[PDB]
Structure formats: structure tokens, C-alpha cells
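Right, one structure below, let's go through it.
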Amino acid sequence: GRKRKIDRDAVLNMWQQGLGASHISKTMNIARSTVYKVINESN
């Protein structure tokens, strides 16, 4: 599916609000490099 059962607004909400790895990892439970796995995908 496209926008049925998939996440994206969570990690995208961290960067789009003016954050930075450390805070982007605390609010959004994910390691700082793990966040770049997503940001790199640009999904």
C-alpha cells in the first residue's frame, strides 16, 4: 500500500520541527545513526 500501514510522520516530525540527532533520538526512540538510515531514505 502507499499511505495505509506505514510510518513516516514520526521521524519526519523530529527533523521538520528543528531538532538534531540527540533530541531527534530522545523524542523519537531511535539511535542518532539509525535516524540517518531513515533521513537518507527520504521516505
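Note on naming: chains are A, B, ... as they come in the C-alpha cells, residues start from 1 per chain, ligands start from 1 in the order shown.
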
- Query: Using only C-alpha atoms, which residues sit within 9 Å of stretch 6-22 of chain A once same-chain residues fewer than 6 positions away are excluded, as a PyMOL selection string?
  - Reply: chain A and resi 28+30-33+35-36+38-39+42-43

- Message: I need the residues of chain A that end up classed as alpha helix (DSSP H) by DSSP on the backbone, written out as a PyMOL selection string.
- Response: chain A and resi 9-15+21-26+32-41
